[PDB]
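These notes are about the structure you will find just below.
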Amino acid sequence: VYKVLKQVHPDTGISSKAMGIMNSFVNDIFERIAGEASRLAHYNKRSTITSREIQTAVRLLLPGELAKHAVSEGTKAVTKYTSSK
Amino acid sequence: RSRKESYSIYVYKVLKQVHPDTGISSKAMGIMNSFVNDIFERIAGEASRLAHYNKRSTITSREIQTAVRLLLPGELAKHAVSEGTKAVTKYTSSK
Amino acid sequence: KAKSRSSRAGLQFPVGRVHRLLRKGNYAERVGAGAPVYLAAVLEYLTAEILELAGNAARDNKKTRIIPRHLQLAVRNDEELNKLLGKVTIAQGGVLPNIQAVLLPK
Amino acid sequence: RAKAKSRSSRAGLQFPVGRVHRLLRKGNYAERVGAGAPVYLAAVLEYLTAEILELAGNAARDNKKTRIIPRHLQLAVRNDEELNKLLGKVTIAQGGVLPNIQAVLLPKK
Amino acid sequence: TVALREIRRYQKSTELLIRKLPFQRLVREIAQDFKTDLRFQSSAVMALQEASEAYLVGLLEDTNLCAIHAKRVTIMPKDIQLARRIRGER
Amino acid sequence: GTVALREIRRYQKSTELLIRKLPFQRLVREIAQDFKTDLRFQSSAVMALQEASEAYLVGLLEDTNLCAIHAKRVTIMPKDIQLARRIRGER
Amino acid sequence: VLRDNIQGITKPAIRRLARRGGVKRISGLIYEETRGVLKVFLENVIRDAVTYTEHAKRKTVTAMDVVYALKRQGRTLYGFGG
Amino acid sequence: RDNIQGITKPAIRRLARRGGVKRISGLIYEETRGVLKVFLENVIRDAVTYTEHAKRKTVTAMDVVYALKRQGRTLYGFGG
DNA sequence: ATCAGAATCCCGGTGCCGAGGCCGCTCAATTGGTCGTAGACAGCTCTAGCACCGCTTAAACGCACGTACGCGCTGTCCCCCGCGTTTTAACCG
């Protein structure tokens, strides 16, 4: 946190109120995604959150085109993660 | 698992205990089954939410009572909590 | 025979049906157990309330059959029930049999 | 010696995976959680935060201010129609909207 | 004068005025247009047509309520936009 | 009514609170005691509640104003709020 | 034709249900926007509902998935399944 | 008394001067005030229950956030 | 269309109190082995999924005459806006 923002925009300051605002925002987003994944696991009788659970929850959450691009980037990133060392 | 579980049959049993002559229609039967399943999932989600938030890695009685209080209006849930506390104490005391 | 909790607890609603979820769903390592009876009682009493409200609504039209139209009428006559499901509308709702002055003639 | 690294970084991310993984396990949702799924969550969260911060920064530069404020965040949210579709259930302090005023408010002559 | 008769008749009946086969066909076409070769349940189609029917009758009741509020019966597209904007889905 | 739209624009740019310490404070304090006495409220939380209340008020009043434009020219009425609330589902 | 059925959905039925809703007259500019936004809403509903079903490695869209998708959308309706 | 006067007339007039409404009325202020009591009472009651489950009797920022998330229309407060 | 007036939009100086940032630490993040366990893929039962058909016609679509109302102008009065002045209280400390 904050390190990434200074890398991409060194000339923009930010108050702690905004940092708390985005912290609560990501808290709510994580809570909603985790709850939706848990419900999807209950519906399909699952005791382990795998890639498909979170992928379906993410595509369900954001709109289609951006979700498709995001999961494509995630696929290329996870192939890079598993292939490199 | 192959047997299609339905939850309207329990409502039917209570209905037969009260007024077995009259009853519900097929579409209405589907409606109450969907309502029962939706309320069932909502209270499960409420328990999950409370358990996550308060770092509550358990759920005995207070947690689900708070879930009932959150789900339902204040006065009706308070009366339900009172009879539920009495029932759970009686059940533990009886054995 | 086989001593199930239904007769001992005196409740027709299924007891371990929730236990199924708790066990196979593996929600936590400390979940439910006592939760079943609690939610079962709450659902039973709410279903009794809804059954009473639907029965009261049905008799207003001198008819003794249950239709989701009458469920919508009973719900929409309740402001608290409206606030519970304000972002919801049930099909076949239509309009009420009482007609306002705007539509009737002079 | 083994290299104990943050598993998001090996996937090209920056958000630490440990806190969200611990929240998932301790949250009473499921006692077993895979490794790839919190990595996907971290990647999605990083991309969304970077996108909203970049759009807010561009709007702020258009707004003739060097630093971010909640008003610029509101304008950034209201600028994209899809963000109004999805993030319309949440607003931020002193909300705003594009000039959708009509021409019937002013007294007629 | 026949408006009274129609109101009484439509209060006495509740038949689904949107037909299952055209809406089924529309759903099949649109679904296969987005993602090809996927099946759709008949019960899901019936539920979706019920949802659309409820949505439109609620929207039109709101439109009528806004009409009579502004001492009118016929309505303009602005009321529909109004209802969607207060609901916030637009 | 014509300078009012200018004031609308002015208050549109404004991004600060209005009644935090002495007022809203006494309000939430009072209501808190009414439910359960001996309660307190974080200053940051107080600010967040005031901003949420004023943002929701802005949105709902904008909705009621656009519903009042349908009644010709410019004038609000109690029935405007009541109707809008019912339509949305709050009432 | 099994394509280009945007004109297929009929306005008379919406008019008749509005008549059932009390409305005694409608306009021509109404359906121009109503049909477009109805098509947009239907597109979004079908998209998220079929997105919901994709989790369980299924090919057919089930009733409970559609009901829970509408529930997530905040415009839910109950039916046979769910 | 001062419970209804906590928010003044020009305060609602400012909220209308930033909320679209160009023409206001006396009864409108009272209605908006009652809606405000309903909203505030709901949130404070939710917070009271949530701070009674953990036996604390005081709300923090996170408490307020969870209380307002229960209303459906969620909000993001300060801190967290 | 055209000039003067009130409010507004951006900028400058100051109080400060919450923001920008240094350091520890400790409770959590990582790495490594087990292996029964739970998700992914081939197969049993069989249900309903995609598309069309015999037959009747209700209803969608296109078109004709006209009325309730869409939209605009006119009268009103009452009921809230504009502004000067006082108090009073909101934010400051």
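Chain identifiers are assigned as A, B, and so on, following the order in which chains appear in the structure tokens; residues are numbered from 1 within each chain, and ligands are numbered from 1 in order of appearance.
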Residue neighbourhood residue 14 (chain H), 12 Å, only C-alpha atoms (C1' of nucleotides), exclusion window fewer than 3 positions, as number ranges by chain: F: 4, 7-12, 14, 17-19, 54, 57-58, 61; H: 7-11, 17-24, 29
Dump N, CA, C and O atoms for the selected residues as a short mmCIF file (atom, residue, chain, number, x, y, z; two decimals), in the first residue's frame?
```
data_model
loop_
_atom_site.label_atom_id
_atom_site.label_comp_id
_atom_site.auth_asym_id
_atom_site.auth_seq_id
_atom_site.Cartn_x
_atom_site.Cartn_y
_atom_site.Cartn_z
N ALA F 4 -31.06 30.36 -7.62
CA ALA F 4 -31.06 29.07 -6.94
C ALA F 4 -30.28 28.01 -7.72
O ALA F 4 -29.62 27.17 -7.11
N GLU F 7 -26.77 28.65 -7.01
CA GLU F 7 -26.47 28.15 -5.67
C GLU F 7 -26.38 26.63 -5.66
O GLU F 7 -25.60 26.06 -4.88
N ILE F 8 -27.16 25.97 -6.51
CA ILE F 8 -27.07 24.52 -6.70
C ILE F 8 -25.68 24.14 -7.19
O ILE F 8 -25.05 23.21 -6.66
N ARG F 9 -25.18 24.86 -8.19
CA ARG F 9 -23.83 24.63 -8.70
C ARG F 9 -22.78 24.89 -7.61
O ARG F 9 -21.80 24.13 -7.47
N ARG F 10 -22.96 25.97 -6.83
CA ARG F 10 -22.02 26.32 -5.76
C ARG F 10 -21.94 25.23 -4.72
O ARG F 10 -20.85 24.84 -4.28
N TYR F 11 -23.09 24.75 -4.28
CA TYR F 11 -23.08 23.71 -3.28
C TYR F 11 -22.66 22.38 -3.90
O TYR F 11 -22.27 21.46 -3.16
N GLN F 12 -22.76 22.26 -5.23
CA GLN F 12 -22.25 21.07 -5.91
C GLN F 12 -20.73 21.01 -5.77
O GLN F 12 -20.18 19.93 -5.51
N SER F 14 -18.88 22.36 -3.37
CA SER F 14 -18.51 22.26 -1.97
C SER F 14 -18.24 20.83 -1.51
O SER F 14 -18.98 19.90 -1.83
N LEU F 17 -18.02 19.51 5.55
CA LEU F 17 -19.23 19.19 6.36
C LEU F 17 -19.99 20.47 6.72
O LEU F 17 -19.76 21.50 6.06
N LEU F 18 -20.85 20.42 7.74
CA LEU F 18 -21.67 21.59 8.04
C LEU F 18 -22.02 21.72 9.52
O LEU F 18 -21.93 22.81 10.09
N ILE F 19 -22.41 20.61 10.16
CA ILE F 19 -22.88 20.56 11.55
C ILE F 19 -22.36 19.33 12.30
O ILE F 19 -23.11 18.44 12.72
N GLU F 54 -26.11 13.11 4.46
CA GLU F 54 -26.25 14.22 3.53
C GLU F 54 -26.19 13.75 2.07
O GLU F 54 -26.90 14.31 1.23
N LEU F 57 -29.55 12.23 1.39
CA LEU F 57 -30.50 13.33 1.29
C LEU F 57 -30.39 14.03 -0.06
O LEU F 57 -31.41 14.36 -0.67
N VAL F 58 -29.16 14.25 -0.54
CA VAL F 58 -28.95 14.85 -1.86
C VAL F 58 -29.61 14.00 -2.94
O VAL F 58 -30.36 14.52 -3.79
N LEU F 61 -33.58 13.93 -2.50
CA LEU F 61 -34.16 15.22 -2.83
C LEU F 61 -34.04 15.52 -4.32
O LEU F 61 -34.94 16.14 -4.90
N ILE H 7 -31.66 19.89 13.35
CA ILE H 7 -31.42 20.30 11.98
C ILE H 7 -32.37 21.46 11.73
O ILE H 7 -33.59 21.32 11.89
N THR H 8 -31.81 22.60 11.32
CA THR H 8 -32.60 23.80 11.16
C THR H 8 -33.28 23.84 9.80
O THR H 8 -33.11 22.96 8.95
N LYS H 9 -34.09 24.89 9.60
CA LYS H 9 -34.79 25.05 8.32
C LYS H 9 -33.78 25.38 7.21
O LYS H 9 -33.79 24.68 6.19
N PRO H 10 -32.93 26.42 7.32
CA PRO H 10 -31.92 26.62 6.27
C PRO H 10 -30.92 25.48 6.12
O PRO H 10 -30.26 25.42 5.08
N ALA H 11 -30.85 24.53 7.06
CA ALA H 11 -29.98 23.37 6.86
C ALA H 11 -30.58 22.46 5.80
O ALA H 11 -29.89 22.01 4.87
N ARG H 17 -30.57 23.03 -1.72
CA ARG H 17 -29.72 23.85 -2.56
C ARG H 17 -28.50 23.08 -3.05
O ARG H 17 -27.63 23.67 -3.70
N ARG H 18 -28.39 21.80 -2.68
CA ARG H 18 -27.36 20.92 -3.19
C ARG H 18 -27.98 19.59 -3.60
O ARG H 18 -27.26 18.69 -4.05
N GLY H 19 -29.30 19.46 -3.45
CA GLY H 19 -30.05 18.26 -3.77
C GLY H 19 -31.16 18.51 -4.77
O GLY H 19 -32.24 17.94 -4.64
N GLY H 20 -30.93 19.36 -5.75
CA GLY H 20 -31.95 19.54 -6.78
C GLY H 20 -33.15 20.42 -6.47
O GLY H 20 -33.49 21.28 -7.29
N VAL H 21 -33.83 20.18 -5.34
CA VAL H 21 -35.07 20.88 -4.97
C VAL H 21 -34.86 22.39 -4.97
O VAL H 21 -34.08 22.92 -4.18
N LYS H 22 -35.57 23.09 -5.86
CA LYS H 22 -35.51 24.54 -5.88
C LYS H 22 -36.63 25.24 -5.12
O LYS H 22 -36.42 26.37 -4.65
N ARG H 23 -37.76 24.58 -4.91
CA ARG H 23 -38.91 25.14 -4.21
C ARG H 23 -39.22 24.23 -3.03
O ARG H 23 -39.40 23.03 -3.22
N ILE H 24 -39.27 24.78 -1.83
CA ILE H 24 -39.52 23.94 -0.66
C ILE H 24 -40.78 24.34 0.10
O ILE H 24 -41.46 25.31 -0.27
N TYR H 29 -39.88 19.76 5.23
CA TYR H 29 -38.85 19.70 6.26
C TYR H 29 -39.18 18.64 7.30
O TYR H 29 -38.31 17.85 7.69
#
```
When you get a sec, could you note down which chain C residues fall within 7 Å of chain B, using only C-alpha atoms, as a PyMOL selection string? chain C and resi 13+30-32+34-35+38+65-68
Could the residues in this selection be written to a file with N, CA, C and O atoms, as a PDB file, in the first residue's frame?
```pdb
ATOM      1  N   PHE C  13     -40.346 -30.165  11.952  1.00  0.00           N
ATOM      2  CA  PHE C  13     -39.348 -29.659  11.022  1.00  0.00           C
ATOM      3  C   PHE C  13     -38.043 -30.445  11.160  1.00  0.00           C
ATOM      4  O   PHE C  13     -37.713 -30.914  12.253  1.00  0.00           O
ATOM      5  N   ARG C  30     -15.984 -25.371  13.798  1.00  0.00           N
ATOM      6  CA  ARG C  30     -16.911 -25.045  14.875  1.00  0.00           C
ATOM      7  C   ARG C  30     -18.076 -24.222  14.314  1.00  0.00           C
ATOM      8  O   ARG C  30     -18.046 -22.990  14.327  1.00  0.00           O
ATOM      9  N   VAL C  31     -19.090 -24.911  13.786  1.00  0.00           N
ATOM     10  CA  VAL C  31     -20.242 -24.272  13.161  1.00  0.00           C
ATOM     11  C   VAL C  31     -21.452 -25.104  13.582  1.00  0.00           C
ATOM     12  O   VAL C  31     -21.322 -26.259  13.989  1.00  0.00           O
ATOM     13  N   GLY C  32     -22.636 -24.497  13.486  1.00  0.00           N
ATOM     14  CA  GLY C  32     -23.922 -25.104  13.788  1.00  0.00           C
ATOM     15  C   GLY C  32     -24.009 -25.881  15.088  1.00  0.00           C
ATOM     16  O   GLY C  32     -23.797 -25.292  16.156  1.00  0.00           O
ATOM     17  N   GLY C  34     -25.927 -26.506  17.501  1.00  0.00           N
ATOM     18  CA  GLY C  34     -27.125 -26.039  18.173  1.00  0.00           C
ATOM     19  C   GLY C  34     -27.969 -25.156  17.277  1.00  0.00           C
ATOM     20  O   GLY C  34     -29.143 -24.915  17.571  1.00  0.00           O
ATOM     21  N   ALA C  35     -27.354 -24.620  16.221  1.00  0.00           N
ATOM     22  CA  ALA C  35     -28.037 -23.773  15.240  1.00  0.00           C
ATOM     23  C   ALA C  35     -29.310 -24.397  14.653  1.00  0.00           C
ATOM     24  O   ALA C  35     -30.301 -23.656  14.503  1.00  0.00           O
ATOM     25  N   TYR C  38     -32.648 -23.887  16.592  1.00  0.00           N
ATOM     26  CA  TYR C  38     -32.916 -22.455  16.686  1.00  0.00           C
ATOM     27  C   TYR C  38     -33.567 -21.954  15.403  1.00  0.00           C
ATOM     28  O   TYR C  38     -34.652 -21.345  15.426  1.00  0.00           O
ATOM     29  N   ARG C  65     -59.333 -20.764  -1.457  1.00  0.00           N
ATOM     30  CA  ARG C  65     -58.205 -21.346  -2.166  1.00  0.00           C
ATOM     31  C   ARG C  65     -57.037 -20.373  -2.089  1.00  0.00           C
ATOM     32  O   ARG C  65     -57.233 -19.157  -2.001  1.00  0.00           O
ATOM     33  N   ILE C  66     -55.820 -20.911  -2.121  1.00  0.00           N
ATOM     34  CA  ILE C  66     -54.605 -20.121  -1.951  1.00  0.00           C
ATOM     35  C   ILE C  66     -53.935 -19.943  -3.306  1.00  0.00           C
ATOM     36  O   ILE C  66     -53.679 -20.920  -4.022  1.00  0.00           O
ATOM     37  N   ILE C  67     -53.658 -18.687  -3.654  1.00  0.00           N
ATOM     38  CA  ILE C  67     -52.982 -18.313  -4.900  1.00  0.00           C
ATOM     39  C   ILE C  67     -51.941 -17.250  -4.584  1.00  0.00           C
ATOM     40  O   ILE C  67     -52.120 -16.439  -3.666  1.00  0.00           O
ATOM     41  N   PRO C  68     -50.807 -17.261  -5.304  1.00  0.00           N
ATOM     42  CA  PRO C  68     -49.768 -16.236  -5.065  1.00  0.00           C
ATOM     43  C   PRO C  68     -50.226 -14.800  -5.285  1.00  0.00           C
ATOM     44  O   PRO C  68     -49.573 -13.882  -4.766  1.00  0.00           O
TER      45      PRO C  68
END
```
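What chain E places within 12 Å of chain B, counting only C-alpha atoms, is residues 43, 46, 47 and 50 of chain E.
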Taking the chain letters and numbering used in this document, name the residues of chain A that DSSP puts in alpha helix (DSSP H), as a VMD selection string. chain A and resid 3 to 8 16 to 43 51 to 61 64 to 83
With C-alpha atoms retained, write the just-selected residues as a tab-separated table (two decimals), in the first residue's frame.
```
chain	number	residue	atom	x	y	z
A	3	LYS	CA	4.37	2.28	-2.38
A	4	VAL	CA	2.55	1.26	-5.58
A	5	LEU	CA	0.78	4.64	-5.83
A	6	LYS	CA	4.06	6.55	-5.49
A	7	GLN	CA	5.63	4.38	-8.21
A	8	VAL	CA	2.86	5.13	-10.71
A	16	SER	CA	-5.20	8.95	5.20
A	17	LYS	CA	-8.98	9.41	4.85
A	18	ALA	CA	-8.76	8.24	1.23
A	19	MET	CA	-6.50	5.34	2.24
A	20	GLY	CA	-9.12	4.25	4.77
A	21	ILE	CA	-11.84	4.70	2.14
A	22	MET	CA	-10.12	2.33	-0.29
A	23	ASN	CA	-9.28	-0.02	2.61
A	24	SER	CA	-12.98	-0.28	3.50
A	25	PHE	CA	-13.78	-0.58	-0.22
A	26	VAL	CA	-11.47	-3.58	-0.71
A	27	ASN	CA	-12.73	-5.01	2.61
A	28	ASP	CA	-16.32	-4.92	1.32
A	29	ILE	CA	-15.32	-6.27	-2.11
A	30	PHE	CA	-13.38	-9.15	-0.53
A	31	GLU	CA	-16.28	-9.92	1.83
A	32	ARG	CA	-18.80	-10.02	-1.03
A	33	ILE	CA	-16.56	-12.17	-3.26
A	34	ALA	CA	-15.72	-14.58	-0.42
A	35	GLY	CA	-19.38	-14.93	0.56
A	36	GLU	CA	-20.44	-15.52	-3.04
A	37	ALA	CA	-17.72	-18.16	-3.46
A	38	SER	CA	-18.84	-19.85	-0.22
A	39	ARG	CA	-22.45	-19.93	-1.44
A	40	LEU	CA	-21.37	-21.32	-4.83
A	41	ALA	CA	-19.41	-24.01	-2.98
A	42	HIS	CA	-22.48	-24.85	-0.91
A	43	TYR	CA	-24.67	-25.12	-4.02
A	51	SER	CA	-9.70	-21.65	-9.00
A	52	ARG	CA	-13.12	-22.16	-10.64
A	53	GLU	CA	-14.99	-20.80	-7.59
A	54	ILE	CA	-13.16	-17.47	-7.45
A	55	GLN	CA	-12.99	-17.20	-11.26
A	56	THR	CA	-16.78	-17.60	-11.56
A	57	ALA	CA	-17.34	-15.14	-8.69
A	58	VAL	CA	-15.03	-12.57	-10.33
A	59	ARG	CA	-16.69	-12.93	-13.74
A	60	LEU	CA	-20.11	-12.68	-12.06
A	61	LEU	CA	-19.09	-9.52	-10.18
A	64	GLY	CA	-18.37	-9.27	-18.99
A	65	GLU	CA	-15.73	-7.70	-21.25
A	66	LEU	CA	-13.51	-6.40	-18.44
A	67	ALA	CA	-14.00	-9.65	-16.53
A	68	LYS	CA	-12.90	-11.63	-19.60
A	69	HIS	CA	-9.78	-9.49	-20.04
A	70	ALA	CA	-9.03	-9.76	-16.30
A	71	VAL	CA	-9.34	-13.55	-16.26
A	72	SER	CA	-7.18	-13.74	-19.41
A	73	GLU	CA	-4.51	-11.67	-17.63
A	74	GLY	CA	-4.90	-13.89	-14.56
A	75	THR	CA	-4.43	-17.00	-16.70
A	76	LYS	CA	-1.26	-15.62	-18.29
A	77	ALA	CA	-0.01	-14.54	-14.84
A	78	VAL	CA	-0.63	-17.95	-13.25
A	79	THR	CA	1.08	-19.69	-16.20
A	80	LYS	CA	4.04	-17.35	-15.63
A	81	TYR	CA	3.93	-18.14	-11.90
A	82	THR	CA	3.94	-21.91	-12.47
A	83	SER	CA	6.49	-21.83	-15.31
```
With only C-alpha atoms counted and 10 Å as the cut-off, give the residues of chain E in contact with chain C, each with its shortest interatomic distance in Å and the pair that gives it, as a Markdown table.
```
| residue | atom | partner | partner_atom | distance |
| --- | --- | --- | --- | --- |
| E:1 | CA | C:105 | CA | 8.9 |
| E:3 | CA | C:103 | CA | 8.7 |
| E:4 | CA | C:104 | CA | 7.8 |
| E:7 | CA | C:97 | CA | 9.0 |
| E:8 | CA | C:97 | CA | 7.9 |
| E:10 | CA | C:94 | CA | 8.6 |
| E:11 | CA | C:97 | CA | 6.7 |
| E:12 | CA | C:97 | CA | 9.1 |
| E:13 | CA | C:92 | CA | 9.7 |
| E:14 | CA | C:92 | CA | 6.3 |
| E:15 | CA | C:92 | CA | 8.3 |
| E:16 | CA | C:92 | CA | 7.9 |
| E:47 | CA | C:91 | CA | 9.7 |
| E:49 | CA | C:91 | CA | 9.7 |
| E:50 | CA | C:91 | CA | 6.0 |
| E:51 | CA | C:91 | CA | 7.0 |
| E:52 | CA | C:91 | CA | 8.9 |
| E:53 | CA | C:91 | CA | 6.8 |
| E:54 | CA | C:91 | CA | 4.7 |
| E:55 | CA | C:89 | CA | 7.3 |
| E:57 | CA | C:94 | CA | 7.3 |
| E:58 | CA | C:89 | CA | 7.2 |
| E:61 | CA | C:95 | CA | 8.5 |
| E:68 | CA | C:102 | CA | 8.0 |
| E:71 | CA | C:102 | CA | 9.7 |
| E:73 | CA | C:102 | CA | 9.6 |
| E:87 | CA | C:87 | CA | 9.0 |
```
Give me, as a ChimeraX atom specification, the contact residues of chain B against chain H at a cut-off of 9 Å, counting only C-alpha atoms. /B:53-54,62-63,66,69-70,74
Produce a file of the selected residues containing N, CA, C and O atoms, as a PDB file, in the first residue's frame.
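The resulting file, again.pdb, is reproduced below:
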```pdb
ATOM      1  N   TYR B  53     -16.766 -11.445  10.506  1.00  0.00           N
ATOM      2  CA  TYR B  53     -16.507 -10.100  11.015  1.00  0.00           C
ATOM      3  C   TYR B  53     -15.941 -10.110  12.431  1.00  0.00           C
ATOM      4  O   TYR B  53     -14.844  -9.596  12.673  1.00  0.00           O
ATOM      5  N   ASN B  54     -16.677 -10.687  13.393  1.00  0.00           N
ATOM      6  CA  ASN B  54     -16.178 -10.615  14.767  1.00  0.00           C
ATOM      7  C   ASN B  54     -15.050 -11.596  15.071  1.00  0.00           C
ATOM      8  O   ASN B  54     -14.801 -11.823  16.263  1.00  0.00           O
ATOM      9  N   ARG B  62     -25.462 -17.553  20.920  1.00  0.00           N
ATOM     10  CA  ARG B  62     -25.518 -16.096  20.872  1.00  0.00           C
ATOM     11  C   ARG B  62     -25.407 -15.593  19.438  1.00  0.00           C
ATOM     12  O   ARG B  62     -26.069 -14.621  19.062  1.00  0.00           O
ATOM     13  N   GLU B  63     -24.537 -16.221  18.639  1.00  0.00           N
ATOM     14  CA  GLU B  63     -24.298 -15.781  17.266  1.00  0.00           C
ATOM     15  C   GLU B  63     -25.560 -15.914  16.419  1.00  0.00           C
ATOM     16  O   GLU B  63     -25.954 -14.973  15.719  1.00  0.00           O
ATOM     17  N   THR B  66     -28.179 -13.459  17.517  1.00  0.00           N
ATOM     18  CA  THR B  66     -27.900 -12.150  16.933  1.00  0.00           C
ATOM     19  C   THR B  66     -28.257 -12.121  15.449  1.00  0.00           C
ATOM     20  O   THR B  66     -28.723 -11.099  14.939  1.00  0.00           O
ATOM     21  N   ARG B  69     -31.933 -11.711  15.337  1.00  0.00           N
ATOM     22  CA  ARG B  69     -32.237 -10.319  15.660  1.00  0.00           C
ATOM     23  C   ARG B  69     -31.969  -9.392  14.477  1.00  0.00           C
ATOM     24  O   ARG B  69     -32.748  -8.468  14.218  1.00  0.00           O
ATOM     25  N   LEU B  70     -30.851  -9.597  13.777  1.00  0.00           N
ATOM     26  CA  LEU B  70     -30.534  -8.781  12.609  1.00  0.00           C
ATOM     27  C   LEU B  70     -31.526  -9.016  11.474  1.00  0.00           C
ATOM     28  O   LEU B  70     -31.939  -8.065  10.799  1.00  0.00           O
ATOM     29  N   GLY B  74     -37.251  -5.945  15.670  1.00  0.00           N
ATOM     30  CA  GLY B  74     -36.732  -5.991  17.029  1.00  0.00           C
ATOM     31  C   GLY B  74     -37.627  -6.748  17.994  1.00  0.00           C
ATOM     32  O   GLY B  74     -37.163  -7.615  18.738  1.00  0.00           O
TER      33      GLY B  74
END
```
So which one's closest to residue 15 (chain H), F:53, F:42, F:82, F:75? Using only C-alpha atoms, please.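 Among the listed residues, F:53 lies closest to residue 15 (chain H).
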Would you list which chain E residues are within 12 Å of chain D using only C-alpha atoms, as number ranges by chain? E: 78, 85-90
Counting only C-alpha atoms, chain C residues within 9 Å of chain D, as number ranges by chain: C: 25-31
With only C-alpha atoms considered, list every residue of chain F at most 12 Å from chain C, as a VMD selection string. chain F and resid 85 to 91
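For the pair CA of residue 11 (chain A) and CA of residue 66 (chain D), the separation is 6.8 Å.
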Please check the contacts: residues of chain D at most 10 Å away from chain F, using only C-alpha atoms, listed as number ranges by chain. D: 69-71, 90-97, 99, 101-108
Determine which residues of chain I sit within 12 Å of chain E, taking into account only C-alpha atoms (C1' of nucleotides), and present them as a PyMOL selection string. chain I and resi 47-51+58-59+68-71
File of the preceding selection, N, CA and C atoms (P, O5', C5', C4', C3', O3' and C1' of nucleotides), as a compact mmCIF listing (two decimals), in the first residue's frame:
```txt
# COMPACT_ATOMS: atom_id res chain seq x y z
P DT I 47 -36.91 -40.40 -16.02
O5' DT I 47 -36.93 -38.81 -15.80
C5' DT I 47 -35.79 -38.15 -15.25
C4' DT I 47 -35.58 -36.77 -15.86
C3' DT I 47 -36.78 -36.18 -16.60
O3' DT I 47 -36.80 -34.77 -16.40
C1' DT I 47 -34.98 -36.40 -18.11
P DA I 48 -38.17 -33.94 -16.51
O5' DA I 48 -37.76 -32.68 -17.41
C5' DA I 48 -36.49 -32.07 -17.22
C4' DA I 48 -35.73 -32.00 -18.52
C3' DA I 48 -36.33 -31.06 -19.57
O3' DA I 48 -35.33 -30.21 -20.08
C1' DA I 48 -35.94 -33.21 -20.50
P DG I 49 -35.61 -28.63 -20.19
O5' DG I 49 -34.37 -28.09 -21.05
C5' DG I 49 -33.13 -28.79 -21.00
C4' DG I 49 -32.41 -28.71 -22.34
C3' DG I 49 -33.08 -27.83 -23.38
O3' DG I 49 -32.09 -27.19 -24.20
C1' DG I 49 -32.99 -30.04 -24.18
P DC I 50 -32.52 -26.00 -25.20
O5' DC I 50 -32.46 -26.62 -26.67
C5' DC I 50 -31.22 -26.69 -27.39
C4' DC I 50 -31.45 -26.96 -28.87
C3' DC I 50 -32.38 -25.98 -29.59
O3' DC I 50 -31.90 -25.72 -30.90
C1' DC I 50 -33.27 -28.17 -29.73
P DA I 51 -32.53 -24.52 -31.76
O5' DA I 51 -33.63 -25.24 -32.68
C5' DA I 51 -33.23 -26.17 -33.67
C4' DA I 51 -34.43 -26.93 -34.23
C3' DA I 51 -35.63 -26.06 -34.62
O3' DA I 51 -35.79 -26.06 -36.04
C1' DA I 51 -36.29 -28.04 -33.41
P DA I 58 -60.36 -17.53 -31.00
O5' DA I 58 -59.47 -16.72 -29.94
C5' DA I 58 -58.68 -17.42 -28.98
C4' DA I 58 -57.37 -16.68 -28.67
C3' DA I 58 -57.52 -15.20 -28.32
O3' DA I 58 -56.55 -14.85 -27.32
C1' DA I 58 -56.31 -15.45 -30.38
P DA I 59 -56.38 -13.32 -26.84
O5' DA I 59 -55.23 -12.74 -27.79
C5' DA I 59 -54.05 -13.50 -27.98
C4' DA I 59 -53.18 -12.92 -29.08
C3' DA I 59 -53.02 -11.40 -29.08
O3' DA I 59 -51.66 -11.08 -29.34
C1' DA I 59 -53.72 -12.11 -31.20
P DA I 68 -64.77 11.97 -24.79
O5' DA I 68 -63.60 11.79 -23.73
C5' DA I 68 -63.00 10.52 -23.52
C4' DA I 68 -61.52 10.66 -23.22
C3' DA I 68 -61.18 11.60 -22.07
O3' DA I 68 -60.17 11.01 -21.27
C1' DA I 68 -60.14 12.36 -24.09
P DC I 69 -59.50 11.79 -20.04
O5' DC I 69 -58.19 12.43 -20.68
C5' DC I 69 -57.33 11.59 -21.43
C4' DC I 69 -56.37 12.40 -22.28
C3' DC I 69 -55.49 13.41 -21.53
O3' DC I 69 -54.18 13.25 -22.03
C1' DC I 69 -56.48 14.44 -23.33
P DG I 70 -52.89 13.68 -21.18
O5' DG I 70 -51.69 13.57 -22.25
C5' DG I 70 -51.93 13.78 -23.65
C4' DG I 70 -50.74 14.45 -24.31
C3' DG I 70 -49.83 15.21 -23.37
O3' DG I 70 -48.56 15.43 -24.00
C1' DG I 70 -51.20 16.71 -24.57
P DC I 71 -47.41 16.28 -23.25
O5' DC I 71 -47.63 17.78 -23.76
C5' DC I 71 -47.57 18.10 -25.16
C4' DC I 71 -47.98 19.55 -25.39
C3' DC I 71 -47.36 20.57 -24.43
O3' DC I 71 -46.82 21.64 -25.18
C1' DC I 71 -49.69 20.87 -24.55
```
Residue nearest chain H - candidates D:87, D:55, D:109, D:62, atoms counted: only C-alpha atoms: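 Among D:87, D:55, D:109, D:62, it is D:87 that comes nearest to chain H.
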